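Descriptive analysis of the structure
Given next are the chains, with one letter for each unit.
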Amino acid sequence: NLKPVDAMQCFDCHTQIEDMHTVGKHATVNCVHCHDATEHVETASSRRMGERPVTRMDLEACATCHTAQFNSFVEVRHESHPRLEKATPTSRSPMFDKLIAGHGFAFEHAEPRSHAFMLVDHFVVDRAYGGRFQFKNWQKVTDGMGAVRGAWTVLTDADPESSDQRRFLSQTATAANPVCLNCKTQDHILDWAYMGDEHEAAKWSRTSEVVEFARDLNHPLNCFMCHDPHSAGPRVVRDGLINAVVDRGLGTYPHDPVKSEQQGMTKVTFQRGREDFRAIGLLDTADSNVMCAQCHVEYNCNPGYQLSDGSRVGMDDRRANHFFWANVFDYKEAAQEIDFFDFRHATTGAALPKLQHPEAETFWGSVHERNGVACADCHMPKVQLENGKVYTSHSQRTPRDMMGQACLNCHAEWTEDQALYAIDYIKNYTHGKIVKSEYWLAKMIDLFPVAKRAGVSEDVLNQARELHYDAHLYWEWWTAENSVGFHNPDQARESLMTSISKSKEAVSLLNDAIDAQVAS
Amino acid sequence: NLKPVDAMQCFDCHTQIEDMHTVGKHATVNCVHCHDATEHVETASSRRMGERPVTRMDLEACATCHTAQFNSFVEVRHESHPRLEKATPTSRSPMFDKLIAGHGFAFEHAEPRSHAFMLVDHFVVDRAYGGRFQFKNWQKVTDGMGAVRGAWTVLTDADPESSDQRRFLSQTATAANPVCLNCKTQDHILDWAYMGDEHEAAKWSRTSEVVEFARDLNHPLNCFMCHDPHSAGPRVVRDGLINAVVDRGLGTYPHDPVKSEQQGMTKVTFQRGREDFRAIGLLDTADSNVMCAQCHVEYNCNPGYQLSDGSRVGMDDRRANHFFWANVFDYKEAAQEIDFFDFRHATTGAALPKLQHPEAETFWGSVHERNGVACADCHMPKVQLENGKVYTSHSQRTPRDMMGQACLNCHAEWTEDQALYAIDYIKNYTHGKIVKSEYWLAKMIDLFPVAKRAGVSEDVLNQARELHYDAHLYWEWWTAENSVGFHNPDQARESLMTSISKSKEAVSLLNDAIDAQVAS
Amino acid sequence: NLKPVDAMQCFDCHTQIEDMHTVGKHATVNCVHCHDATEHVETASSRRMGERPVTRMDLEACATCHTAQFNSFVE
Amino acid sequence: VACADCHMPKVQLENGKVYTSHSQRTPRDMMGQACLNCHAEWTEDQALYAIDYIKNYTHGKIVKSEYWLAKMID
Ligand code: HEC
Ligand code: HEC
Ligand code: HEC
Ligand code: HEC
Ligand code: HEC
Ligand code: HEC
Ligand code: HEC
Ligand code: HEC
Ligand code: HEC
Ligand code: HEC
Ligand code: HEC
Ligand code: HEC
Ligand code: HEC
Ligand code: HEC
Ligand SMILES: [Ca+2]
Ligand SMILES: [Ca+2]
Ligand SMILES: [Ca+2]
Ligand SMILES: [Ca+2]
Ligand code: NA
Ligand code: NA
């Protein structure tokens, strides 16, 4: 059985923790629930760690006292189709392969499924580790609880003796790097310096061998990514987000300084050897928009290239761990700001951005956001009980599964069918515009080989390539973003119309140029 | 009312039948249930047939004593979408037309539906008889029982006065030949010599006019295709399968000689005029894998061409009735073995195989097969009754309709939702790889006209054509095979990755060559 | 917010509770969850109760850490 | 077997930390956990039928007991 330790003794050296722990709603929660610090206490000095204490990162460390939130979190939504490739005609991006050609996502980009699987899914996706990691067998793909208990209880490593990224299956890529992990797990929260910068106290950084790093990681979406385990207060731990909101002074709501101030973030730094090591962001309120923005944002988490001169930006560069913290219409400017793009299109040669699930940045300025609605309101609402102690659902899922709590309490004028219809109206419309944007992107892309081969000049090709950047941006945001427009219908519509415009302009440029080459 | 005949009198001339009938569980079943042999008995000698007895091939000949299995067999699964074309974006092969161009399946290839309709569906599909046979009206498409009772109770013939294969509708083909029928019906089991070889005692052979042959045929999937009507013992009657397993010594489980020996096949031959005429394969066990392999395999049942010199292989050639009895990774070698391919791709000019529903060969070596699971376990399991005499379901259908009996008895760790999720994980993943393989096939195929027109050399074109064979093989197996990977997920994945690799290599070959032609 | 009390001090007079508490699965659960003993501790000796400490009998005292059992119970 | 087995059984979760239900109620509401895990030979309806056979029979004897008690009392 657990035996409590003397927290006062800890507090003599751990004044930051004391200040947090003694004041919050974990004041009575003994350190032994999450730390085995016996050898540590025997060996540490006021500034030297001595023996490293054991810190539990497993979610069951919170499940003993918070079973309801734990069981609700680990629930698997079987209706969320698993391993479902987005580049298929019945999914999000029917022409994805043509449009993303040149990028590692061509190897596999599946729809998201339940949070329990984020880490294992990160490990086994075809684009990530050369196929090195696989479920032990195809039965394990169902095991949400197992995945939560640890990725390595359900996965195998094709070659435990090597640690290099390489291809074990022919049609895989090795795009995983250590930055990715920060949106999958925070098991490494004590082993990773802020931003993944080199640091004498960090086991792991942006430049680590990601395969070795992966082997050290177990748990998806740790409960403490949103809840400080010492104060039990709301926080974020994602470096990239703290960096955008606080270091870069952009605010939690970059479009709204008042709301930014009311619902702010305070960066708290923890040191190793009296050097800054890691940081968390304590939230003024339990603001799920910002909690979810730890991961549901457009980011760099990868090497790239400079827009200016095309030189490699490696993992060693800060820009490999970056939250643009910009909506779709400020994105190009934000990418220019850091002088960065992701890949050159394999057919057009255009330098292109790669967009990632920008739900947070899409949600800004939308009607629900302006009305003070947050992600949790639609995606993890309070449970309604005829008789019971209320708690917040932690099953982050479509509102379709809980329409009464997620929509209809606020929308009393609607039945469930009407609320669903309103969603489908926006998604249907938006998806039609996505598909039309892809049609036009594909039409332009197919003209590039024709133009090159007809001898169209590099100047025209480059003009078309510059158009491709925008056509691509204003389309890809929306296949990347998971609400199919619902989070911001007007913005989706304007963006997708811009994409089609850009592609149409490029098509007409390329067609005329080809025709002039043929007539000459 | 039926009157029994003296079986002893039959047995005086029919010693093989006597040996089978007197020992099995049909020992008390009088010949009159299936034979009207009165004139026959008056006219036959010990070696000459005399007057041909009537033999009932209808399934109702078994339904009198086996109603439960009969009614379960004729059940129509309305949820199995009928006449649903596979070459559509919402079905199995969104780019099928481009990829199969040159082949008669371009005219129509629908998803399979319930067994009751196999014969009528064979007759009316657009690729088979030039549209000569149609349901009498569009209402008849529902009538499973009618179809079972006889194709000609529900179909019409556009021109009863001619017997040539020709087109009555513009966009049809005439690919049907007599070999096809062997996987639709065995009404002709006494009129067809083994393998469809010419034989003085055969009304029908590989070279018959298939329209005349078709008119003689009524019943789908006769009950006796798996059950010897004399011994009631398990058997196969499909010549092509007996030929692979026994004549060619490949075994019932070509990858497993031990299992092949334990679950073997004994070829029994029946003679006409003391010449070998027809054959059946008696099974050591009631092994549904091998029963279902009568039809659910990759086969030749058509004319083709030789890989070596491109000369026609006609219906007269044995190779027109062939079971390759090879998995996807041994297939090319098996096709080389008989020096055969199906069609030249209409755009690339590549010689290509045409793959048919290879469920049996896919299933080999899969985890379920290695554990001794068989088709019937998932697709026609025993019925569970609170109170009743157990019998085997004969409704051969997706396990989704009976998950408790088809999966969950064996998978006690799963709920139905979890079992379904595991299936969908594999199918989603596999289908994404199918779609990616088609993307790459299509990209390569589209380069062929560009390459030819840019003056790329025949040597390079032929190199690309050789790549096309493999790209095609390693893709088509999986749109042909009906489990969308479920029967063998690892093999689907490796094959589809091989297909994409092959296509990518061909694309790069063709692109470089085109570019060099343009630069010159 | 609950402030933990010094359980060891309670245990100086409460050896029978000490033997049960330090050993079971509530060894880390502070007395403050179920007792308000501030004035008790100011006035008691080992042989004189002093001010009667408050003991919580409400089921919510357990519900903060065992919500699932509590909610299942109250259905 | 103990009361809890039929009246307060462990909750079965596809994914989750198991705990003991504290809703003390008839097994009819949770036959899978309260009876069928032990009685794998039965469907829910069969288990319910076995309960009702006993309850119906016993209630008949309760009613007859009352009939006779009432007759004596009168
Ligand atoms: C003698 C002083 C001292 C004592 C007492 C002390 N610590 Fe530490 N501890 C340190 C120092 C120094 C570090 C390194 C970080 C820092 O410098 O603040 C550290 C680091 C840690 C870490 C981070 C370890 C990691 O992997 O990065 C944890 C967790 C921790 N302490 C917990 C505890 C607990 C729980 C107690 C009481 C059981 C305790 N400490 C008592 C000095 C102390
Ligand atoms: C409910 C779980 C839990 C409780 C209880 C808990 N900790 Fe922690 N602690 C964590 C986790 C998880 C981390 C990793 C850093 C983070 O999440 O911010 C951590 C990190 C730390 C660190 C490292 C801060 C740094 O320098 O990076 C110290 C020191 C620490 N804890 C001390 C304590 C002390 C002292 C107590 C007893 C008062 C305690 N913790 C109780 C979970 C817990
Ligand atoms: C030993 C019991 C215990 C442990 C273990 C535990 N908690 Fe708590 N937690 C509590 C108690 C007690 C409260 C306060 C209940 C109340 O008064 O509302 C609480 C409150 C919270 C709150 C409420 C914050 C608020 O202001 O409403 C959050 C969030 C929370 N815990 C998260 C966690 C996390 C995350 C973990 C794992 C890192 C964890 N807890 C582990 C006992 C525990
Ligand atoms: C800024 C946080 C963040 C970064 C960093 C991150 N992801 Fe993700 N990831 C997400 C979110 C949010 C989802 C679910 C939404 C979605 O997929 O659109 C997701 C989903 C996934 C999935 C499931 C869906 C799919 O695409 O197949 C995989 C696999 C994945 N990520 C792999 C990676 C890889 C590999 C990297 C590093 C190259 C990475 N992630 C980096 C936030 C992140
Ligand atoms: C993605 C961020 C996030 C993560 C990770 C997270 N929570 Fe929460 N949690 C929330 C939000 C949002 C609330 C509701 C805050 C509010 O509105 O008061 C909440 C509330 C809570 C509370 C307060 C009581 C309640 O239910 O409202 C507890 C306790 C809690 N969570 C425990 C956990 C546990 C245990 C885990 C790990 C299984 C976890 N949380 C992970 C976002 C998160
Ligand atoms: C339940 C139906 C049924 C029963 C009863 C039955 N038969 Fe048959 N018989 C068939 C069918 C169907 C065929 C076609 C060949 C086959 O299925 O193997 C056949 C074929 C034959 C043949 C042809 C074998 C050959 O040379 O090709 C003979 C002879 C024969 N039956 C004799 C008998 C005799 C004698 C009896 C009485 C003991 C009998 N059958 C009872 C159904 C039946
Ligand atoms: C006049 C009644 C009758 C006829 C007609 C009939 N059967 Fe049977 N069948 C039986 C009887 C009786 C048994 C043995 C029942 C038992 O003992 O299990 C049997 C057994 C079987 C078995 C069981 C084999 C085994 O070893 O379990 C199969 C398969 C079978 N019949 C198929 C057929 C087929 C196919 C037909 C039509 C070709 C047919 N029967 C027609 C009466 C009939
Ligand atoms: C008011 C009477 C009536 C209505 C209502 C009706 N039907 Fe019919 N339907 C007929 C008649 C009469 C025929 C032709 C019958 C015949 O000649 O055998 C027919 C023919 C058909 C056919 C064959 C068409 C063809 O081209 O051969 C189909 C399929 C069919 N009906 C389906 C339906 C469907 C489905 C509905 C409901 C959507 C429907 N019918 C409603 C009377 C009706
Ligand atoms: C080796 C046995 C076999 C051969 C011979 C055979 N089929 Fe099939 N057929 C099947 C099986 C098994 C299915 C159901 C599985 C599937 O369609 O993928 C099927 C399904 C069909 C269907 C329904 C699905 C569709 O494709 O529209 C048609 C029509 C059909 N076959 C026609 C033909 C034609 C025409 C021939 C001769 C050129 C032929 N079959 C030869 C085994 C066979
Ligand atoms: C595709 C091959 C196949 C066909 C065709 C077939 N069966 Fe069966 N049959 C089986 C299998 C497999 C079993 C179960 C054998 C076992 O496991 O004992 C079976 C079992 C039987 C039995 C034994 C009792 C039982 O239900 O388990 C009878 C009787 C029977 N079938 C009758 C029929 C009838 C009548 C037909 C025509 C309606 C038919 N069979 C067609 C495969 C077939
Ligand atoms: C007659 C017993 C039985 C049947 C019925 C059965 N399974 Fe299995 N299945 C097994 C066994 C044994 C394994 C391997 C177990 C192991 O090695 O861990 C397995 C493995 C699997 C796997 C992993 C396959 C792989 O390649 O790793 C999946 C997925 C699966 N089963 C799903 C199903 C589905 C879905 C059904 C119903 C359609 C089903 N099973 C029916 C016994 C069965
Ligand atoms: C989770 C609730 C809870 C916790 C924590 C708790 N108590 Fe109690 N305590 C009770 C309840 C309820 C009673 C009433 C008697 C009973 O339930 O046995 C009680 C009774 C007592 C009594 C009276 C025993 C008697 O003589 O009848 C003492 C002394 C006591 N507790 C001391 C403590 C001490 C000291 C602590 C801190 C280590 C503590 N308790 C922690 C709930 C709690
Ligand atoms: C501050 C949080 C907290 C409070 C308040 C709390 N408990 Fe617990 N309880 C725990 C923890 C932690 C465990 C140990 C979990 C584990 O390790 O299994 C536990 C364990 C238990 C167990 C399982 C004991 C065993 O031996 O299996 C029971 C029963 C229990 N508590 C009842 C209660 C009761 C009744 C109350 C109200 C009088 C209560 N708890 C209040 C945290 C709490
Ligand atoms: C009528 C007696 C009874 C009462 C009253 C009761 N429990 Fe339980 N409790 C049980 C039983 C029985 C178990 C299961 C013991 C076992 O098999 O391990 C249990 C188990 C537990 C456990 C251990 C974890 C688990 O769920 O198995 C906790 C914690 C718990 N109860 C909390 C509570 C809370 C909180 C209350 C007040 C709402 C409560 N109990 C009231 C009988 C009771
Ligand atoms: Ca999803
Ligand atoms: Ca990006
Ligand atoms: Ca079907
Ligand atoms: Ca074939
Ligand atoms: Na969802
Ligand atoms: Na089916």
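Residues numbered from 1 in each chain as written, not as in the entry; some residues may be left out. Chains lettered and ligands numbered in written order. Part of a larger assembly, values for the part shown. Heavy atoms only, no water. Residues with missing side-chain atoms left out of burial classes, pairs and counts.

The record lists X-ray crystallography as the method behind this PDB entry and 2.20 Å as its resolution.

**Examining empty space enclosed by the protein**
Residue and element names in this part refer to chain A. Keep this limit in mind: The distinction between a cavity and a pocket rests on a 1 Å grid over the protein atoms alone: a 1.4 Å probe fits inside a cavity but cannot get out, while a pocket stays open yet meets protein on both sides within 12 Å along at least five of seven lines, and a residue with an atom within 4 Å of a point counts as lining. Grid points are joined across faces, edges and corners, and a volume is the space filled by probe spheres set on the points. Helix numbers and strand numbers start at the N terminus; a helix is a DSSP run of H or I with at least 4 residues, a strand a run of E with at least 2. For this classification, the nonpolar set comprises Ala, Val, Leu, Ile, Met, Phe, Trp, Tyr, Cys and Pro, the charged set comprises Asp, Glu, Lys and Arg, and every other residue, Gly included, is treated as polar.
Quantified by volume, the largest cavity comes out at close to 100 Å³. Forming the boundary of the largest cavity are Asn-182, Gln-186, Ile-189, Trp-192, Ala-193, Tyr-194, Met-195, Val-237, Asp-239, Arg-278, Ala-279 and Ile-280. In terms of residue count, strand β7 (residues 275-283) provides more of the lining of the largest cavity than any other element does, 3 residues in total. When its residues are assigned to classes, the lining of the largest cavity shows 8 nonpolar, 2 polar and 2 charged.

**Overview of the coordination of the iron atom of ligand 4**
Counted only if it meets this: Only nitrogen, oxygen and sulfur atoms qualify as donors, and only when within 2.8 Å of the metal (3.2 Å in the case of Na, K and Ca); with water excluded, sites may look incomplete.
You will see that the iron atom of ligand 4 has only one donor from the protein, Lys-184 of chain A (NZ), lying 1.9 Å away. Locating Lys-184 of chain A in the fold gives a position in the loop between α10 (178-181) and α11 (210-215).

**Examining the packing of aromatic side chains**
Put simply, the rule reads: Stacked, edge-to-face and tilted labels apply to pairs of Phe, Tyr and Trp rings (six-membered ring for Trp) whose centres lie within 6.5 Å, assigned for plane angles under 30 degrees, over 60, and everything in between, in that order. For every residue, the accessible area (1.4 Å probe, protein chains only) is compared with the maximum for its type, and the residue is labelled buried under 20%, exposed over 50%, or partly exposed between those bounds. Look at NZ for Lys and CZ for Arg. If either is within 6 Å of the ring centre and within 35 degrees of the ring normal, a charge sits over the ring.
Within this structure, the stated rule accounts for 33 aromatic pairs over all chains. Arranged with centres 4.9 Å apart and planes meeting at 55°, the rings of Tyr-129 of chain A and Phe-133 of chain A form a pair that is tilted. Between the aromatic rings of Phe-133 of chain B and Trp-152 of chain B, the centroid separation amounts to 4.8 Å while the plane-to-plane angle is 65°, which identifies the pairing as edge-to-face. A residue pair is termed long-range when its members are at least 10 positions apart, and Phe-133 of chain B in strand β3 (residues 133-135) and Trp-152 of chain B in helix α9 (residues 151-154) qualify at 19 residues. Both residues of the pair, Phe-133 of chain B and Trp-152 of chain B, count as buried. An aromatic cluster of three or more residues is present, and its members are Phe-123, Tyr-129, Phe-133 and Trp-152 of chain A. The positively charged end of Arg-312 of chain A is found above the aromatic ring belonging to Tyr-305 of chain A, 4.5 Å away from the centroid. Above the plane of the ring of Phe-105 of chain A lies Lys-354 of chain A, whose end atom (NZ or CZ) is 4.0 Å from the centre.

**With respect to the pairing of β7 of chain A**
Residues and elements named next belong to chain A. As a reminder, the rule being used: A pair of strands is treated as paired once DSSP finds two or more bridges between them.
By the bridge criterion, 2 bridges tie strand β5 (residues 235-236) to β7 in an arrangement that is antiparallel. Within β7, the residue paired with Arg-235 across the bridge is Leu-282. Alignment of strand β6 (residues 265-272) against β7, held across 8 bridges, turns out to be antiparallel. Residue pairing in the sheet places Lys-267 in a bridge with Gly-281 of β7. Counting the residues that bridge the hairpin from β6 to β7 gives 2 residues, and of these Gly-273 lies at a positive phi of roughly 60°.

**Quick look at the site of ligand 1**
Residues and elements named next belong to chain A. Rules: We call a residue near a molecule or strand whenever a single non-hydrogen atom of that residue lies within 4 Å of it. Two N or O atoms count as a polar contact when they lie within 3.5 Å, although within protein this holds only if one can serve as hydrogen donor and the other as acceptor, and sequence-adjacent residues are included solely when both atoms are side-chain atoms. An automatic or database domain assignment is the source of the domain bounds shown.
Close to ligand 1 lie 21 residues, the nearest being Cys-10, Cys-13, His-14, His-40 and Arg-52. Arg-52 places a side-chain nitrogen or oxygen 2.6 Å from an oxygen atom of ligand 1. Elements supplying a minimum of two residues to the shell around ligand 1: α1 (7-13), α3 (38-43) and β6. Element by element, the count of residues in the shell around ligand 1 is highest for α1, at 3 residues. Its residues placed into classes, the shell around ligand 1 shows 9 nonpolar, 8 polar and 4 charged. Of the residues that make up the shell around ligand 1, three or more belong to each of domain 1 (1-58) and domain 2 (59-413).

**So, the UniProt feature "binding site: heme 2" in chain A**
Residues and elements named next belong to chain A. Short version of the rule: UniProt positions are given in the numbering used here, feature names are shortened, and annotations may be inferred rather than shown by experiment. Any two residues whose heavy atoms approach within 4.5 Å at even a single point are treated as in contact.
Under the UniProt annotation, the feature "binding site: heme 2" is placed at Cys-31, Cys-34, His-35 and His-230. A stretch of 200 residues holds the annotated residues, and the largest C-alpha distance among them is 11.5 Å, short enough that they meet in one place. Along the chain, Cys-34 falls in the loop between α2 (15-21) and β1 (35-36). Those residues within four positions of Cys-34 in sequence are excluded, and the remaining contacts are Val-54, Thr-55, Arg-56 and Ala-61. Along the chain, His-35 falls in strand β1. Leave out the neighbours within four places in its chain, and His-35 touches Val-54, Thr-55 and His-230.

**Things to note about the side chain of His-26 of chain A**
All names here are of chain A. Position of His-26 among the secondary structure elements: in the loop between α2 and β1. For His-26, a relative accessible area of 18% corresponds to the buried category. Residues within four places of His-26 in sequence aside, it is in contact with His-21, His-66, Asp-228, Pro-229, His-230, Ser-231 and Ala-232.

**A closer look at the UniProt feature "binding site: heme 8" in chain A**
Residues and elements named next belong to chain A. According to UniProt, the feature "binding site: heme 8" maps to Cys-375, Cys-378, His-379 and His-487 in the numbering used here. In sequence the annotated residues extend across 113 residues, while in space they remain close, none of their C-alpha pairs exceeding 12.0 Å. By the secondary structure assignment, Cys-375 is in helix α18 (residues 375-379). When near neighbours in sequence (up to four residues on either side) are disregarded, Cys-375 contacts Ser-288, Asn-289, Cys-292 and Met-380.

**Let's talk about the interface of chain D and chain A**
Heads up, the condition is: Note on definitions: buried area is the accessible-area loss of two parts on being combined, 1.4 Å probe, summed for both.
Contacts between the two partners involve 6 residues from chain D, matched on the other side by 13 residues from chain A. The contact between chain D and chain A buries some 630 Å² in all, and 55% of this surface belongs to carbon and sulfur atoms. The largest share of the area that chain D buries against chain A comes from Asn-15, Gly-16 and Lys-17 of chain D, three residues that together contribute 83% of it. Along the contact surface separating chain D from chain A lie 3 residue pairs in polar contact.

**What about the arrangement of the chains?**
Ranked by contact count, the leading pair among the 5 pairs of chains in contact consists of chains A and B. Chain B makes no contact with chain C; the smallest distance between any of their C-alpha atoms is 23 Å.

**Describing the pattern of salt bridges**
This is how it is decided: Definition used for salt bridges: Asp or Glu carboxyl oxygen within 4 Å of a side-chain nitrogen of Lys or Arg.
Within the structure shown, the criterion is met by 66 salt bridges over all chains. Residue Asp-317 of chain A pairs with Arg-319 of chain A through a salt bridge whose shortest N-O separation is 2.8 Å. The salt bridge involving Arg-397 of chain B is made with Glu-75 of chain B; its shortest N-O contact spans 3.2 Å. Remark: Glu-75 of chain B occurs in the loop between α5 (67-74) and α6 (96-100) and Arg-397 of chain B occurs in the loop between α18 (375-379) and α19 (403-408); sequence separation between them is 322 residues. A residue is classified by how much of its surface remains accessible, and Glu-75 of chain B, at 41% relative accessible area, is partly exposed. A network of salt bridges, in which partner residues are shared, links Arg-83, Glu-108 and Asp-126 of chain A together with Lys-433 and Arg-493 of chain B.

**Brief notes about the coordination of the iron atom of ligand 3**
All names here are of chain A. To be explicit about the condition: In these descriptions, tetrahedral denotes four donors with every angle between 85 and 135 degrees, square planar four donors and octahedral six donors with opposite donors over 155 degrees apart and the rest between 65 and 115, and irregular any other case.
Surrounding the iron atom of ligand 3 are the protein donor atoms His-26 (NE2) and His-66 (NE2), at 1.9 Å. One can describe the donor arrangement at the iron atom of ligand 3 as octahedral, given that its 6 donor atoms subtend angles of 85 to 176° at the metal. Of the two residues, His-26 is situated in the loop between α2 and β1 and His-66 in the loop between α4 (60-63) and α5 (67-74); the sequence distance between them amounts to 40 residues.

**Quick word on the sheet that holds strand β5 (residues 235-236) of chain B**
Residue and element names in this part refer to chain B. Going by this rule: Only the stretch in contact is used when a helix axis is fitted, and all axes are lines through C-alpha atoms; the angle between N-to-C directions ranges over 0 to 180 degrees.
Pairing is antiparallel across the open sheet formed by 3 strands, whose spatial order is β5-β7-β6. This sheet does not close on itself; its edge strands, each paired only once, are β5 and β6 (265-272). Its contacts with the sheet put helix α12 (residues 239-247) on β5, β6 and β7 (275-283), and the angle it makes with β6 is roughly 120°.

**Observations concerning the relation of the copies chain A and chain B**
Keep this limit in mind: Alignment of copies: least-squares superposition, C-alpha atoms only.
The two copies are related by a screw motion: chain A maps onto chain B through a turn of 120° and a shift of 0.0 Å along the axis, at an RMSD of 0.0 Å. Accordingly, the operation relating the two chain copies is best matched by a three-fold axis. Taking C-alpha positions as the reference, the residue of chain A nearest the rotation axis is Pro-89 of chain A, at 3.3 Å. Residue by residue, only 6% of the interface of chain A is reproduced at the interface of chain B, so the copies engage with different surfaces.

**Some points on unusual backbone geometry**
Its identity as a non-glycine residue notwithstanding, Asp-339 of chain A has a phi of 60°, on the positive side. Along the polypeptide, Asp-339 of chain A turns up in the loop between α15 (328-337) and β12 (343-344). Despite not being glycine, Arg-83 of chain B has its phi angle at roughly 50°, a positive value. For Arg-83 of chain B, the location among the structural elements is in the loop between α5 and α6.

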